[PDB]
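Encoded as structure tokens, the structure appears first; notes follow it.
In what follows, chains are A, B, ... by sequence order, proteins preceding strands, each numbered from 1.
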Amino acid sequence: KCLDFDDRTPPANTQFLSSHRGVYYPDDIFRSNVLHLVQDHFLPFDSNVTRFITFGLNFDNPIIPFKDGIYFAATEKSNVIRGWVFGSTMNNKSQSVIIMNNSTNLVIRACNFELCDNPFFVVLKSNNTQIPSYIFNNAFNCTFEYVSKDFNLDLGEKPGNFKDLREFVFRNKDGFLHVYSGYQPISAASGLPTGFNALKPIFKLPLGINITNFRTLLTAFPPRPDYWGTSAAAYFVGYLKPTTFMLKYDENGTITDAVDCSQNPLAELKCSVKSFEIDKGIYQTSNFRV
Amino acid sequence: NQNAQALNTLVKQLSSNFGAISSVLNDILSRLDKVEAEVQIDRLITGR
Amino acid sequence: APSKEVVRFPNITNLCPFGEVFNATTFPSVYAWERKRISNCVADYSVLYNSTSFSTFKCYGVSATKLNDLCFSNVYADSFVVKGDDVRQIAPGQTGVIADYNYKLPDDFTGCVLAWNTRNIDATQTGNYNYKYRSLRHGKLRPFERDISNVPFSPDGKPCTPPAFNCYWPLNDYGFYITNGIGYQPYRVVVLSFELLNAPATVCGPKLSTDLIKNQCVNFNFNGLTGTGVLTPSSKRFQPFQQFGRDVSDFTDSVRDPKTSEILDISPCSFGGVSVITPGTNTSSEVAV
Amino acid sequence: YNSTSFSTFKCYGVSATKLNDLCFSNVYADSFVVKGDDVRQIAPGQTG
Ligand SMILES: *[C@@H]1O[C@H](CO[C@@H]2O[C@@H](C)[C@@H](O)[C@@H](O)[C@@H]2O)[C@@H](O[C@@H]2O[C@H](CO)[C@@H](O[C@@H]3O[C@H](CO)[C@@H](O)[C@H](O)[C@@H]3O)[C@H](O)[C@H]2NC(C)=O)[C@H](O)[C@H]1NC(C)=O
Ligand SMILES: *[C@@H]1O[C@H](CO)[C@@H](O[C@@H]2O[C@H](CO)[C@@H](O[C@@H]3O[C@H](CO)[C@@H](O)[C@H](O)[C@@H]3O)[C@H](O)[C@H]2NC(C)=O)[C@H](O)[C@H]1NC(C)=O
Ligand SMILES: *[C@@H]1O[C@H](CO)[C@@H](O[C@@H]2O[C@H](CO)[C@@H](O[C@@H]3O[C@H](CO)[C@@H](O)[C@H](O)[C@@H]3O)[C@H](O)[C@H]2NC(C)=O)[C@H](O)[C@H]1NC(C)=O
Ligand SMILES: *[C@@H]1O[C@H](CO[C@@H]2O[C@@H](C)[C@@H](O)[C@@H](O)[C@@H]2O)[C@@H](O[C@@H]2O[C@H](CO)[C@@H](O)[C@H](O)[C@H]2NC(C)=O)[C@H](O)[C@H]1NC(C)=O
Ligand SMILES: *[C@@H]1O[C@H](CO[C@@H]2O[C@@H](C)[C@@H](O)[C@@H](O)[C@@H]2O)[C@@H](O[C@@H]2O[C@H](CO)[C@@H](O)[C@H](O)[C@H]2NC(C)=O)[C@H](O)[C@H]1NC(C)=O
Ligand SMILES: *[C@@H]1O[C@H](CO[C@@H]2O[C@@H](C)[C@@H](O)[C@@H](O)[C@@H]2O)[C@@H](O[C@@H]2O[C@H](CO)[C@@H](O)[C@H](O)[C@H]2NC(C)=O)[C@H](O)[C@H]1NC(C)=O
Ligand SMILES: *[C@@H]1O[C@H](CO)[C@@H](O[C@@H]2O[C@H](CO)[C@@H](O)[C@H](O)[C@H]2NC(C)=O)[C@H](O)[C@H]1NC(C)=O
Ligand SMILES: CCCCC/C=C\C/C=C\CCCCCCCC(=O)O
Ligand SMILES: CCCCC/C=C\C/C=C\CCCCCCCC(=O)O
Ligand SMILES: *[C@@H]1O[C@H](CO)[C@@H](O)[C@H](O)[C@H]1NC(C)=O
Ligand SMILES: *[C@@H]1O[C@H](CO)[C@@H](O)[C@H](O)[C@H]1NC(C)=O
Ligand SMILES: *[C@@H]1O[C@H](CO)[C@@H](O)[C@H](O)[C@H]1NC(C)=O
Ligand SMILES: *[C@@H]1O[C@H](CO)[C@@H](O)[C@H](O)[C@H]1NC(C)=O
């Protein structure tokens, strides 16, 4: 059934910077050793990202607005974050889509979900075994269903710093939920590590759903059969905006760098001259725009 | 450098649509029949 | 000048499910339109000639006469039923109840719209009310988006209960009778959507592949992309989601073979400067080159 | 939407999707009846 965690500290909504993260492949065309200018919905460099953590009394799984697509980063070491729910009303009045790893398969289901206000998986620290839990109470109008090949997720709390940075970009357009993903090894104690990592397309789901809000799916670690606990994990959310980027394709055809043309006058000059290197001097740029 | 840059920008300008659906002649001729292809190719010819 | 022809389509053996799509036993309502993915098949649509007659057939982004020579990426079929008068609304840039609240096509739609009269099976003497459409909504749908919610609607945009005077249920039932006029008769609509020459494809036209010829000027057709050039083995490493490669000029300079998965570089046939030396046509007709 | 179903609806000089965001000057409505075959004739450049 749907269980509620009581005496939870409210989310702090701490703010951090995105650095140069969030770039993904704009199309399916192979390019190499080239600078490519493209206008699309990108996460602007050094934009505000809101952090949500699971630690101690914090179980941060609020409803977060979708806006025009999001960038979602997860820093973890024990696979706490398992998926997302995307929808509009976040109840059984409208269609919703759940994307989740249930420790043996990747499941994507679009239906009328009677979503639980506090949906989570359950993992027992005693022997690192996941117990059946509830993400939704019912579902009747499923329009899309997908289950991936079987695997085995490594359950159980682990010590040390956050080791895995998993990045995703979600964009709803023309009846398609585009999901780009990427992985990175890190050794960060807290915060969003600075860096660059191009995200590759992994899904283009034909959902045809009105998506305005989403809620992350996490796993709780109950110490006793009637009490709830948490393991350390963090995730960060940022918002995409329409903007122009100059991407760099290297010899193997991988995006290794990008310039955000709207960040500052220097970036605008770089995008105008189509080069990452500018010589010494004075250059005319765009007239002051408001 | 001026000579080389003029030639290289001439090469790069081939990627610019000139109001046509695409800058790739083969793509146009593969998707469109004689008449609509003629319209798009006329735009490209004017531009180039 | 090219002397040989190379045609390379992927290994496809089955016919596309024309009978499952265009000859399905039931069709959805337009508000609850259903989408179906199509992959790994031959789109030999001439088989439809013997079974289906289409009142409306309109293609966007592609010429009707090129369909037999192409391969299609991300092929989807959207199926539903509308009124005859409403068929005109299934097209980009339209307005009306259907295009506003039920089914919206993108401005840059690539694909085709097929509609055919279905009076005999979808209409009854008593009147068939199974098909529905949304008549009220706070704002218009986005392209290819669906809204199957059924909540009471109030023009003031506040919670609603059916009995109230300013309260309406937002779904209306088409009434299809046999004796109805042509504008009030049921029409089945299938919208096929796809991309053409920028990504891997598994649906291909009924064409015959030939052997791969290399180091010779040929007329090539790779997955529907036609051209003239010389094909050579390539050192490029394409990702699984990449099918074509382009240079700074946007010219298609590489391609993955649909059958062997080999990466091949494409080069122009024509190359090299030529000049003619003449002493004057009046003096002689002999020239050096 | 609730009362009238239109077999023909064609707009010139303006896109149908922008009508809700405009104000119209010197609006006139001409009304008449014709044959079905003749409806196609109600359009610029027609003969008959
Ligand atoms: C859609 O879901 C609602 C419940 O509300 C939805 O789910 C919640 C968990 C939250 O996320 C809400 O924001 C969300 O809208 C269903 O309505 C509920 O149905 C149940 C089962 O019939 C009702 O339980 C009964 O209620 C009374 C006592 O309260 C007695 O009849 C019974 O003893 C029994 O408890 C419940 O009251 C009702 N309302 C709520 C708020 O839960 C709704 O049926 C469902 N629609 C479907 C399945 O089509
Ligand atoms: C989304 O789910 C809802 C809820 O299940 C579906 O609505 C239900 O649809 C069924 C099938 O049409 C209805 O049953 C029929 O309803 C009327 C009753 O007068 C009548 O046609 C039949 O006797 C039969 O009972 C059912 O009432 C209805 N339920 C509710 C609560 O509205 C809906 O169809 C689903 N939507 C889609 C797009 O699948
Ligand atoms: C996706 O779903 C959401 C949630 O259902 C839709 O948001 C809703 O949008 C409508 C129309 O804009 C809003 O109704 C109108 O709002 C104001 C008053 O608030 C006014 O214009 C009208 O009186 C009317 O009430 C509605 O409030 C709003 N709901 C929420 C919860 O934000 C959204 O439109 C849907 N998107 C698409 C593309 O269909
Ligand atoms: C991005 O957010 C910051 C605020 O983040 C603060 O620091 C975080 C570490 C965390 O503790 C957050 O909860 C804090 O709020 C904004 O910085 C300030 O924003 C206000 C409001 O606009 C502005 O008046 C101040 O000048 C800003 N400067 C400082 C030093 O706080 C920042 O503006 C946000 N960015 C955008 C684009 O809105
Ligand atoms: C990617 O290609 C490189 C060689 O290209 C250079 O390095 C790229 C990363 C990029 O910066 C290009 O612009 C450069 O021109 C490969 O690098 C070697 O790969 C081999 C295995 O194939 C490995 O043993 C070597 O250590 C690598 N390093 C060097 C200096 O050669 C690289 O493997 C390619 N990536 C692959 C194959 O995944
Ligand atoms: C596509 O199939 C070809 C051909 O192999 C099969 O046998 C043929 C006689 C015919 O029945 C085909 O439809 C079958 O698929 C495969 O081509 C292989 O590769 C070489 C060239 O490298 C080709 O000349 C050989 O005939 C084939 N050799 C084999 C099959 O051992 C090709 O690999 C298949 N591609 C895919 C993606 O399945
Ligand atoms: C994760 O979800 C998958 C998909 O639902 C589960 O595998 C399915 O289990 C159901 C119920 O027993 C079977 O009917 C399906 O045939 C299974 N589908 C497969 C294997 O593709 C899987 O058991 C779940 N893992 C958990 C809950 O740990
Ligand atoms: C009020 C009469 C005079 C016209 C008002 C002024 C300007 C033009 C306004 C609207 C034109 C569209 C009329 C309705 C047809 C579309 C509805 C449908 O597709 O069903
Ligand atoms: C006389 C037969 C050969 C044609 C004569 C030569 C040239 C073409 C001339 C006329 C074409 C129009 C024919 C009538 C159709 C329009 C009348 C209508 O809209 O009702
Ligand atoms: C792991 O612990 C759970 C909880 O007590 C128990 O049910 C299970 O049998 C244990 N062993 C496993 C899952 O191998
Ligand atoms: C659909 O297929 C069946 C079985 O082959 C065939 O009899 C029928 O004619 C087809 N559809 C229609 C509308 O006739
Ligand atoms: C076309 O359909 C008719 C009528 O059923 C049938 O006799 C004929 O064999 C069919 N032809 C082909 C080529 O399928
Ligand atoms: C639309 O017309 C129907 C049929 O007369 C009526 O019941 C309904 O109230 C009308 N709706 C509106 C919004 O005027």
Side-chain angles (χ1 to χ4, degrees), chain A residues 29-34 274, chain B residues 1-33 35-37 39-48, chain C residues 1-2 4-8 63 65-66 70 197 207-236 244-249 251-255 257 262-289:
Chain A
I29 296 290
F30 178 91
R31 303 186 179 79
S32 73
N33 298 110
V34 70
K274 289 294 296 299
Chain B
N1 288 341
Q2 280 163 15
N3 302 337
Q5 177 162 53
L7 288 174
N8 284 331
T9 185
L10 207 48
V11 166
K12 283 181 286 192
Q13 258 147 25
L14 284 163
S15 71
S16 73
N17 318 42
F18 288 98
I21 54 161
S22 177
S23 54
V24 188
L25 257 173
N26 282 353
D27 175 87
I28 290 150
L29 290 162
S30 309
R31 305 154 96 270
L32 303 175
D33 65 0
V35 202
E36 332 170 41
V39 172
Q40 307 298 329
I41 294 161
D42 282 343
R43 283 174 195 169
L44 287 177
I45 286 160
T46 308
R48 288 171 187 180
Chain C
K4 298 171 181 177
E5 208 225 14
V6 176
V7 176
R8 304 293 288 177
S63 275
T65 58
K66 311 291 284 196
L70 285 160
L197 303 171
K207 206 179 176 91
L208 250 68
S209 312
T210 79
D211 279 327
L212 184 64
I213 302 161
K214 299 158 77 167
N215 294 265
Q216 299 177 42
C217 183
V218 293
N219 299 290
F220 61 76
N221 177 353
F222 281 98
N223 280 358
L225 183 65
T226 65
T228 300
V230 177
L231 314 167
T232 56
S234 185
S235 59
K236 292 170 176 73
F244 301 100
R246 290 182 190 166
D247 55 12
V248 81
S249 305
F251 166 78
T252 307
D253 72 326
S254 48
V255 60
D257 184 76
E262 176 179 14
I263 310 305
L264 304 161
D265 289 347
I266 304 163
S267 301
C269 294
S270 309
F271 177 100
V274 183
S275 66
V276 183
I277 302 87
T278 166
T281 291
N282 69 358
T283 295
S284 174
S285 191
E286 154 180 337
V287 296
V289 183

C:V274 and C:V289: CA distance, side-chain angles, deciding distance, side-chain contact (heavy atoms from CB on, under 4.5 Å) verdict: CA-CA 7 Å; C:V274 183; C:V289 183; 3.6 Å; yes
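- Here the straight-line distance linking atom CD1 of B:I28 with atom CG of B:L44 works out to 4.5 Å at 0.5 Å rounding.
- Using a 4.5 Å cut-off on side-chain heavy atoms (C-beta onward), A:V34 and C:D247 make no contact.
- Side-chain atoms of C:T210 come within 3.5 Å of backbone atoms of C:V7 as a donor-acceptor pair (strictly under, hydrogens ignored).
- To the nearest 0.5 Å, atoms CG (C:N219) and CD (C:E5) are separated by 7.0 Å.
- Residues C:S254 and C:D265 have side chains that never bring a donor and an acceptor to within less than 3.5 angstrom of each other.
- Between the C:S234 side chain and the C:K236 main chain, a donor and an acceptor come within less than 3.5 Å of each other.
- Under a 3.5 Å cut-off, the side chain of B:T9 and the backbone N or O of B:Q5 do not form any donor-acceptor pair.
- Of all heavy-atom pairs between B:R43 and B:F18, the closest is O-CB, 3.9 Å.
- Distance CG/B:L32 to OG1/C:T65: 9.5 Å, rounded to 0.5 Å.
- Annotation: the span from B:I41 atom CD1 to B:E36 atom CD amounts to 11.0 Å, rounded to 0.5 Å.
- In this model, a donor atom of one side chain and an acceptor atom of the other lie less than 3.5 Å apart for B:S30 and C:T226.
- In this structure, B:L25 CG and C:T252 OG1 are separated by 10.5 Å, a value rounded to the nearest 0.5 Å.
- You'll find the side chain of C:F244 stays beyond 4.5 Å of the side chain of B:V24, heavy atoms only.
- Using a 4.5 Å heavy-atom threshold, the side chains of C:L212 and C:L264 count as touching.
- In this structure, C:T228 and C:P2 approach most closely via the heavy-atom pair CG2-CG, 3.8 Å.
- Closest of all the heavy-atom pairs between C:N215 and C:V230 is CA-CG1, 3.6 Å.
- Using a 4.0 Å cut-off between charged side-chain N and carboxylate O, C:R8 and C:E262 make no salt bridge.
- Taking CZ from C:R246 and OG from B:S15, the interatomic distance works out to 10.5 Å, rounded to the nearest 0.5 Å.
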Residues B:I21, B:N17; criterion side-chain contact (heavy atoms from CB on, under 4.5 Å); working and verdict: CA-CA 7 Å; B:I21 54 161; B:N17 318 42; over 6 Å; no
